[PDB]
RNA sequence: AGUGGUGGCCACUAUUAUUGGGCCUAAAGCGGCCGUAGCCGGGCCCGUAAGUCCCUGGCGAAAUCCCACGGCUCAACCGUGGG
RNA sequence: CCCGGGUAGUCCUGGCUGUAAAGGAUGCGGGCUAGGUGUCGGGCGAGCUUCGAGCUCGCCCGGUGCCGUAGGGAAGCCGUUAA
């Protein structure tokens, strides 16, 4: 148990498969991550981390 | 989560000790207000608005942004709704309990013999009454305002 | 629910040093806790003490020198004038002038010995020996 | 004094050292009694201490506290047994307490005194009262608390010439400890002499547990053992 | 009357003095091999680590 | 810099621990296999046995006593004591050994070596009742209470048991100046082992 | 030149527990939950200064009580002086 | 007490009665204080996986036993789910 509580969740800078939309997403989403343009699902909110479906570009703290 | 169940489970969550907004964010303070009002005019509450902002738009917290209209107050989604005639007169948190109480009351009307649900009602109305008393202390609610089930049906 | 940071802190210190650890972290950090931590360290009971900016309420880090026998916060803030001070020394200390007490006078939190010559009353806050 | 040295030489002749601690107190590179306490060896031979502290053998330095008469019993009778509690010690901060089982009075007395010799400990003394402050180890340096069984005992420093205001058991134990004035408070059943005596013993032993900076060593004239 | 002021030993791990009948130990340093390290019974039972005064070697 | 080859260290099974752990031990842990076994850090074992080599030869050969009760530790300790001239007592540690003066074998060592803390509770209790420091071979489940020197090792395999005392005797003769070089140590590792008949 | 019996009161007693008690098995946690008054309440800044603390004016009679001196042999008792 | 019968009761609907060795014989909230040890729920990291958390090992959270360092207790015993 640390003195200070850090957040385990990260953020992900992600490039979409279809329309090549670049987005920032939460590592533990609660709803289905819909792209802005094509609207396809990107991350699936599961019990733990969301199941990313696009291609990660870079993690963010 | 111990007021009634007295169970010490901690499904809470952790925020980083961040004072300044993250560098990697691209949206300026003006765009977040536009996004939240767009979501709110659809009919989303501040909690789910925030979940969507952090989920898809990827913003950690609006509270990390400082109010352009006030140097000494952190910007909150509720404050943004208030800034444009969208904040609710009844705060969301109590409104949700009101509607839950009403629907449960219908269920009890249809099912007089479920005493477990009777006790559930007995505690959730104590929650409603406690928050009503708090708001009377704080003043966000009218002094004469008093929850009544028949009036709650209207709400 | 938490009610008083100071007594919790002093109990934390005492209990942690009964087993005899080295570095103790107190979670509910406040200004009065720091003003307290000044006093006994000025008497050499503890080693370095410092404040860590957690982000919620701050933490206090202390190194223990293994000097204190018992360190506890007297709760009910008894107001005491000067000339009757001895009547309380018999209640919290093991011998003549053994250990100290902390008083919050008009001039701030500070040791009891230094208050005798400063000639100030105030409310007892804690004690240690 | 010289008689005690004579007895010390006599026992040095007769006694042959069994336990490891025996050699360096027979060979003579140990002369201080506190050499035994500081390092923390174990004592099992009664001859180890009277060489350095022969005064234990004085009749005024040994006291018989109680003579309990317990009873085992079988189908064919109640078989008695003697349990004697007695204390020994020099009057300069070294005392021991002992309980001896036996079938006669003298046997129990001997075994009790012998075992008491092994329970020797070092007693810090001082002057911590609010009225005496004389920096002489005439009393306890500070208030102390001892526990044994139900009985709890609080010994508070007192002014010079007050005497020992405590039950006769603690009276004798402290009188053999080189302490003259102390306030006493007793919690629990004090009729059971044995637990009371052991609690007093443990309180005296606990005196050494308190952390002390040298300033109060000056302030109360704190002496670790012989003054 | 000579006041034989002995030096009561002090444990290294905690700094507490050694009472007479404590089951404490005294042993030579594990790396510099000249400094005497004391270990009091309380320090011994839970086996908290100790540090050398001379070479700064750490050892349970 | 190892006193023995590291491949041979692995072969002797010293690194192999059981599926247990203790919080006081966690520092010496290397990793946990996918089955549950807990593995030691061989480097720290090397450093610890080096320090023990510095220690043990400082004391007198006759005042050092070792005791073992494990079936696989009875011959290694005997060979160790014979090599270093240290007293050895395998098997059941007799009660009252150094705590009862009137026992025929009333020997009071200035230092004691322990194979398994779990096996010989009586030994360390009697060692405490006299008050001497302690050296112990600690596997992944042993408790570190009253351990002035803890050596991480596998004290179940006979090969490791032999190798540990082999190395320790070699370091004893190094520090006492009796034997100068490793090649001078002609006694093989097999001499300390337990011969399965 | 007192000494005994008895009755009332305090201590003995931490058997009234503020200082300072217990409530698994010895008398002693109500079957459970909710909740009003009351009580006890998170961190930081600013103000007020009611409580809180230091200084100072008026005031709580005499008598009793503590101490020095003096008077009656001394004492008790009385006065002078300080508290 | 054993056996053979047998009414109220035991069952449903509405209401009353407010009871038990309703016992963990342990009132509830917070913080602190060695550890080991299994299962239940959720999450995570690996490996197995006929790819169904389907299966094995470690970790975090919540509840749920036992053993047990110190400590407590008159002891019986309690000992982070504290007495």
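All residue numbers given for chain A refer to Swiss-Prot; the residues shown span 3-63 in order.
If you're wondering, the header gives electron microscopy, 3.2 Å.
Heads up, the Cβ atoms here are built off N, Cα and C, so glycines get one too.
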Choose the correct range: of A:18-40, A:41-63, which one does Swiss-Prot annotate as zinc finger? Give that range.
A:18-40
Listed in sequence order, the residues of the same chain lying six or more positions from residue A:37 (Zn(2+) binding site) whose CB sits under 8 Å from its CB are A:18, A:20, A:21, A:23, A:25, A:44, A:56
Give the helix, strand or coil assignment DSSP yields for residue A:37 (Zn(2+) binding site).
coil
Just how many other Cβ atoms lie inside 10 Å of the Cβ on residue A:21 (Zn(2+) binding site)?
12
Excluding A:18, A:21, A:37, A:40, which residues of the same chain place their Cβ within 8 Å of the centroid of the Cβ atoms of the recorded Zn(2+) site?
A:19, A:20, A:22, A:23, A:38, A:39, A:41, A:42, A:44
Check each residue in the chain of residue A:40 (Zn(2+) binding site) that is at least six apart in sequence and keep those whose C-beta is under 8 Å from its C-beta; list them in sequence order.
A:18, A:20, A:21, A:23
If you draw a 10 Å sphere around the Cβ of residue A:18 (Zn(2+) binding site), how many other Cβ atoms fall inside it, taking every protein chain shown into account?
19
